[PDB]
């Protein structure tokens, strides 16, 4: 049975068959999540650049890194940001399905430096669910904050 789980830990140390990078459209290392990811899979950043609201897979050996570019809400309107955030997760689902993986490590896109200083846990997570509910891979969501871990854990529990 495909499940959702949540783990408070560095996504760069995931035990899934592929990772989603919370990427910038330029395909740059940046800092935060994208740093950890650049350090663990640096050859995955060869031609990783992809537009806002899209996902691009680059192999590190045989290990797929999915660069998903959620919107920077500093730059977008709430309604355009929402559209772009939904579509990035949609692209993740397509890439996970194309890759035929049994599991995927995924961060909550647009909830850090790209949040525009707003709490978007529920917005980002719901878009993740909408997208990934149609796939048959185990989904492990990575966060750093305990409060976020619990709230994510509850949102998972209350769908079953």
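Residue numbers count along the first chain shown, from 1. Just so we're on the same page, rigid core means the largest C-alpha set that superposes within 1.5 Å between forms.
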TODO: Name the stretch, 30 to 38 or 64 to 72, whose C-alpha atoms sit farther from the shown form on average in 6 other deposited structures of this protein, taking the rigid core as the superposition reference.
DONE: 30 to 38
- [ ] Going by the average Cα B-factor in the PDB entry, point out whether 84 to 92 or 71 to 79 comes out higher.
- [x] 71 to 79
TODO: Determine, for stretches 99 to 107 and 28 to 36, which one has the higher mean CA B-factor as deposited.
DONE: 28 to 36
Open item on the list: For the CA B factor values reported in this entry, which option in 131, 55, 59, 113 has the top one?
Closed with: 113
- [ ] Just say lowest, middle or highest third for the CA B-factor of residue 149 relative to the other modelled residues in its chain.
- [x] highest
TODO: Please rank the C-alpha B-factors of the chain's modelled residues and tell me whether residue 18 sits in the lowest, middle or highest third.
DONE: lowest
- [ ] Could you look up the Cα B-factor of residue 143 in the entry and say which third of the chain it sits in: lowest, middle or highest?
- [x] highest
- [ ] State the tercile, meaning the lowest, middle or highest third, of residue 120 with respect to the CA B-factors recorded for its chain.
- [x] middle
